[PDB]
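I have placed the structure first, in the form of structure tokens, so that the comments after it can refer back to it.
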Amino acid sequence: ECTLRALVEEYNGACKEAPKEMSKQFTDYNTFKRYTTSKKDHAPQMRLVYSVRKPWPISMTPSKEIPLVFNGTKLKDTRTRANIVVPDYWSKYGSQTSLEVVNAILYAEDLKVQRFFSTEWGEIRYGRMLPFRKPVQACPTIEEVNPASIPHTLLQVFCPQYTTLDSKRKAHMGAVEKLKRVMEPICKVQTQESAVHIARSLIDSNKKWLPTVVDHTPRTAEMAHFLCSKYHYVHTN
Amino acid sequence: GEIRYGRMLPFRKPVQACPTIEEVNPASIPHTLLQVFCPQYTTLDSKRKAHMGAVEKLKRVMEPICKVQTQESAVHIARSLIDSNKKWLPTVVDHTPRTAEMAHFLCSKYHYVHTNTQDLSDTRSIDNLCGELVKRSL
Amino acid sequence: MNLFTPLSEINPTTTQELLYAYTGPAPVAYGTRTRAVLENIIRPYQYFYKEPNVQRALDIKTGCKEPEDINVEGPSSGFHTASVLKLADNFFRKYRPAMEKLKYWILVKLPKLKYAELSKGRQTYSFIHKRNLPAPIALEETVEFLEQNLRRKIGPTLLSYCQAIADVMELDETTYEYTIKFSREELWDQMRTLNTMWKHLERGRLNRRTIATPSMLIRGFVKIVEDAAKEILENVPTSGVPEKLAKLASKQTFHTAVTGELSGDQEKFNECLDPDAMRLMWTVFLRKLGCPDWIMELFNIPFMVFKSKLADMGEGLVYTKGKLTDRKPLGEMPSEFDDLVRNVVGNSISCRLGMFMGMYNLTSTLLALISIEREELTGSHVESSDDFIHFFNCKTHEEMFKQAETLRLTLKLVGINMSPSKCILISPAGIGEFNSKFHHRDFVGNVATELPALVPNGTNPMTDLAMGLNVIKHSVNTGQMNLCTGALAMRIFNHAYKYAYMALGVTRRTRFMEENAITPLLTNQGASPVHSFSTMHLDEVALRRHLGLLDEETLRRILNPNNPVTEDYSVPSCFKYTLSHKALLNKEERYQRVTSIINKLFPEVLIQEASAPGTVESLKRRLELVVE
Amino acid sequence: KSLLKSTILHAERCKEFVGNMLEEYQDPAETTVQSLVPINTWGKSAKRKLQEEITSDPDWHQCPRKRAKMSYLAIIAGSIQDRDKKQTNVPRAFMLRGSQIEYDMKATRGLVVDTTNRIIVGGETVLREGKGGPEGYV
Amino acid sequence: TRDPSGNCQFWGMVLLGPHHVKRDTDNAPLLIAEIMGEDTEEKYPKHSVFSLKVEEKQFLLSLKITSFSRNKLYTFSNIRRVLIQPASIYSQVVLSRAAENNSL
Amino acid sequence: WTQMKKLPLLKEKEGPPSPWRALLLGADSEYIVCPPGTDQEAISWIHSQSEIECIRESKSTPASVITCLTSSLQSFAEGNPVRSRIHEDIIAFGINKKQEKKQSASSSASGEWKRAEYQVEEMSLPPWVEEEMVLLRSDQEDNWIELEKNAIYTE
RNA sequence: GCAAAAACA
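Residue numbers (the UniProt record's numbering), protein chains in the order written: chain U, 10 to 87, 96 to 254; chain S, 139 to 276; chain Y, 1 to 177, 210 to 274, 279 to 602, 622 to 635, 645 to 680, 682 to 693; chain B, 553 to 690; chain X, 416 to 519; chain H, 209 to 363.
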């Protein structure tokens, strides 16, 4: 809506401001996607103390709703930098949003909450047990999706029109329509760069090694860190 | 540092002969020495006129020295340690070595040796205090 | 030490976890690596002959050696060609499904790997900037060099990259875009050059070690051979990659029989191997599976180049006159490494036979495994780099001794030379150790080399909490930690996490929240932790709403998509924030524009790779289709 | 610490300080007093307590403990008060502005501690019961 | 530190010099002052021990000149992790004597 | 292949007993009980209620650094955790020690270059290690471990 | 002085 050509302006600027670099192939994106001139430090956790204590720690996007000074406290540097106390300020005097997007953003994480609390578990049985680590599915999925077909399913729920008929056949039918009822509030480009991670989590069937004294279903594998051990066991119910 | 050869116009000014552990005004030097060496033969006015920081520094310094130096030798060693003793020498502008101890090495009419030495003195802080007093007094 | 060996209610195997220098600073390597690199280079030449004759060994080229010449009383470098051929034949005959799946890998998905995955590697010494650059930067510079000096566009597949390297290596003169020129011999020497550096954060030994990284030109060949080695290793029971130790633990033997258990390490593992043995092994496998010739060259080039390595000798030996110290390159003054002076090539040095750490940690394991495969070795072996465990299941003690001795001799045949002092054999099976795992009867104990950091990762509160809890969960899952340890570690992590984010005591954040009546509602704000031992796999925001500790109005405030600041199972929120002579900082910003226009136009790249043929200006095809 | 050392050790300065704070007269230490106490609503109660303590004991300015109590009351009295809030009774102790240091009327803890043997202000023994020279020597 | 009555416990003071540090492993000058209980010549040959007189009580003050890298200081700031291994041993013993007879 | 009846017997290095080489003191660590307050209050109390006299002096740590310590205490009491340098700070933090050593070595250099041939001096087991182990066992009145408890939802 | 096969100062 009147901003479509603004997307084109990015191309025109790229041709005139970045010559003979954007001219490379689109297949090269897998090479310069992670292109950074900053060295990969061996311990990013050692610099966290300074970074929080550093003046202007957060580099926020420019905005006008957040006051420059609130109750005699400088908040922004007028990308602009932000004070360390801007997030907790947003937790009380921040902008509002629709209720539907709140559930959609927090979706794929709530389902792990009631699925745990609904389980009754059982009495603790201590014994000389011998857990053996077997590769099982980590988290339960709404539908059983075959490996190497997960990206094809994600293509339909995000870019159904920009797809190849070959990918249509190798797509999990019966699960594509389930994702559109939960990804619709966050389907917009505003929060679509990260919505792929949430959508992938619904049908991600990755396999990890977990302690298994008995054959562990996905229902009982996500919380296997406390169900069984060398000395105790829990009868999940 | 590195020698920088060049023609130089001398600036003749009095400079301190050797560095001092503590700078004391000339009126307070005898009282400081009296407090350092013979406190038993002093009055409260003499104690009040003495620089107690210099007294402590000098006592710590001359604790071992007085065992190997006679009374007058130790007295005047301490005096030299807290006496400026400025002497006139030809210096180079914006290259004052704060003390003529190294003028033969670091300076001449044909060269200087670049050195990186800070003040390490409380004169800046005394300036800050005096500036606050003057600003609030005006 | 007497306090680390209980005699009642608990065995020393479980308490052997106490024999770990946790929570202490890891040893750090200081100064020049020249002495260590020179020693690493000179060790293989000192072990070629039973009588140490270094000077005779500097001109051997191929490291093949005759029998009745392998040092059986000490380290022995080199290999026996006939033994290598026979052992490779025996290994190929066995494990047929592994060979069939290797054939599948080499026929179907070998000409499919994208060449962009070389960017997620290790630090690379650029041959154009004469310094060290990150792997993506080195890859981009190398492909630009290839485009400039070869004039044919590089295809998406890495076979195209390898063909480009091979074609450009035949040119007598090459010039990069600046506008520096390279001779063919100079480029060949740069390809031979190995960048060596200290290995940091290495616990478990007194002496520091050096690792070497290859040039980006040969890295494609190194990666293809390493990927083939990994693919064939995942499908062999004797490999060190998967529960193999537990699988062999869950084994029942005959009632009255001798069941040995040999656990040991390898001494000079990278100082006694020759790339020619790996060449023979790979050629035997490829020839007996039936691959074409171009596959032969494609799999043989990496070791061909490595046979002419030019590992950099650090910065120079340290010489002291009085109290002074100076760094002097090898050959300037006499030292204990005078025999390698003739091999000094500028700042680098040439060594035909020998190995370095960080180059081929899988093909060496393959060579050891093909050594394992024999006739009289009727036992179970697990090999992983320089560490191994062997199970002997025979009928007589002398039979077990013969099997162990022939195992040692066959390992020496290709020059593995297991350390006599580090190898322990137990006549009845039941006690052993492999990797950092410990074996006692039917129980195997996993003991970590490093404790969990128990500190926030250092990106943002939600991400740091998620990663910390996930690390603790992984540690408790592997059996390294239990109820008490897990809860104590998560309490320690909670304290560190709260401290690092100004949630402890009086500070700017706490005073700001107090003066403005901002109630701390999250762990990073200062609220009581909501996560437990059982609930450590749950998101903080998702868990708090169910318990009523986070009002829906607060969720609306924080989970607003229109927020100024915006595996990791954490929902985005206002707390998801990013902390704030090169002549290369400009081109990373202009590459940012290229990456900025993408991920705004294509949802597809956020799903799969950028598999668009051509597409130089051609991006306008999509925008017009968007309008249409 | 400096303000309390000024008021405690000298009776005339305590007189002047209490008089200026009670009657809202101009004082040399108005800025310090305003910057020490947070924005509160204890000024009227503090001024009252000043009134009854002065009337009950006209001879208050000789006991350093009484001087400490009067100084605390005057410091609260000369504080920056808030308009849109009803006045409340003066507390036993308060916290300094932008700090976690406690100032106590009874001087049992915090910035001022008045034991039977001695008085400690800011960790320093300002006055000793029998062995001291606050008034000096001639 | 603070005991559970509000009182302040002064273990000592560490002084950090100019410390123009560039590399993550570079040393940083330190002057550490500590309250010592008993002095020993052969145990603390590089320490200077001073007498300390507070409130007519006797304390020993030890001063040492040290330089200490940033990595080591960061590691020792997480010294609380040393509690895990003894906790591991204790937990294993306790849970063994809970698995023996199903009684924690 | 050989077999052993004897467990290996570790050789015990002989020489001077190794001194205490650690960042802090360890067992010989005590504290001064100060009146309740902030860090600045406690530091001011300690600086204003104490006098220092040297008992044992070590050539490694000259006694003149007590001036630096007292200056830091006073500055911290005055609300200044960071203070300007003094002369006693010269030999307290090794300021210009690298240049001093390098120039002295250049001035006194003699002979010809040779290999570094570094060496580490062997030291015997100190008698205080057992004392350290038995003293760290002593009971204390306080808990000294204040870790905030996690939530509890299941048994 | 820290630290060990030489880096910081």
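All residues carry an ideal CB built from backbone N, CA and C; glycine is no exception.
Top-ranked residue by Cα proximity to residue i, from the options
i: Y/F479; options: U/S72, U/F134, U/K109 and U/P148; result: U/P148
i: B/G650; options: B/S554, B/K683, B/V589 and B/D666; result: B/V589
i: Y/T495; options: U/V119, U/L128 and U/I67; result: U/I67
i: residue 736 of chain Y; options: X/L430, X/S506 and X/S518; result: Here chain Y comprises residues numbered 1 to 693, so residue 736 of chain Y is not present and cannot be evaluated.
i: U/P53; options: Y/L574, Y/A489, Y/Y176 and Y/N530; result: Y/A489
i: H/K221; options: H/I353, H/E329 and H/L343; result: H/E329
i: Y/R235; options: Y/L139, Y/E263, Y/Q55 and Y/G24; result: Y/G24
i: H/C276; options: X/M428, X/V497 and X/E453; result: X/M428
Burial state of residue i (16 or more Cβ within 10 Å)
i: U/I122; result: buried
i: Y/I452; result: buried
i: S/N223; result: exposed
i: Y/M223; result: buried
i: U/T36; result: buried
i: Y/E469; result: buried
9 Å Cβ cut-off: residues of chain X touching residue i
i: Y/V566; result: Near Y/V566 there are no residues of chain X at all, since even the closest Cβ is about 22 Å away, more than 9 Å.
i: U/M31; result: Within 9 Å Cβ-Cβ: nothing; U/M31 doesn't reach chain X, min ~36 Å.
i: H/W209; result: Chain X residues near H/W209: none, gap ~35 Å exceeds 9 Å.
Beta-carbon neighbours of residue i, restricted to chain Y and to distances below 9 Å
i: U/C176; result: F666, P667, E668 and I671
Under 7 Å by beta carbon: chain Y residues contacting residue i
i: U/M190; result: Going along chain Y, no residue has its Cβ under 7 Å from U/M190, so there is no contact; the nearest lies around 18 Å.
i: H/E320; result: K357
i: U/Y38; result: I662, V669 and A674
Cross-chain neighbours of residue i in chain H, by beta carbon under 9 Å
i: B/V665; result: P243
i: S/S275; result: Those within 9 Å of S/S275 in chain H number zero; the least Cβ separation is about 23 Å.
i: X/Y459; result: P227, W228, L233, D236, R264 and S266
i: X/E471; result: Residues of chain H passing the Cβ test: none, with the nearest at roughly 10 Å.
i: S/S263; result: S292
Cut-off 6 Å between Cβ atoms - residues of its own chain near residue i, not counting five sequence neighbours on either side
i: U/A99; result: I67, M69 and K85
i: Y/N482; result: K473, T514, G515 and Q516
Residue i: contacting residues in chain X (beta-carbon distance under 8 Å)
i: U/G144; result: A514 and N517
Interface partners of residue i on chain B, CB under 9 Å
i: H/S256; result: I672, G674, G675, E676 and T677
Other residues of its chain near residue i: CB distance less than 8 Å, five sequence neighbours each side excluded
i: H/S280; result: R291
i: Y/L18; result: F4
8 Å Cβ cut-off: residues of chain U touching residue i
i: residue 681 of chain Y; result: Within the gap of chain Y, which runs from 680 to 682, lies residue 681 of chain Y, and it has no coordinates in the structure.
i: Y/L574; result: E126, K129, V130 and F133
Contacts around residue i, its chain only, beta-carbon distance under 7 Å, and the 5 residues preceding and following it disregarded
i: Y/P12; result: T5 and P6
i: Y/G415; result: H426, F427, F428, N429 and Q439
Contact set between residue i and chain H, taken where Cβ atoms lie within less than 7 Å
i: X/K468; result: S258 and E259
i: Y/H531; result: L355 and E356
Beta-carbon neighbours of residue i, restricted to chain X and to distances below 7 Å
i: Y/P25; result: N486, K487 and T490
Within chain Y, the residues that residue i reaches when beta carbons sit closer than 8 Å
i: X/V508; result: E9 and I10
Exercise. What are the residues of the stretch 281-312 of chain H that lie near chain S, defined by any Cβ-Cβ distance shorter than 8 Å?
Worked result: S292, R293, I294 and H295
For this session: Could you list the residues in the stretch 342-361 of chain H with a C-beta less than 8 Å from some C-beta on chain Y, going in chain order?
Result: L355, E356, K357, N358, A359, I360 and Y361
Problem set entry | Contact list for the stretch 136-161 of chain U against chain H, Cβ threshold 7 Å | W138 and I141
Exercise. Quick one, which residues of the stretch 647-661 of chain B are near chain H if we go by CB-CB under 9 Å, in chain order?
Worked result: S651, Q652, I653, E654 and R661
Exercise. Between the stretch 483-501 of chain X and chain Y, which residues of the former have CB atoms less than 7 Å from a CB of the latter, in chain order?
Worked result: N486, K487, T490, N493, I494, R495, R496, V497, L498, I499 and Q500
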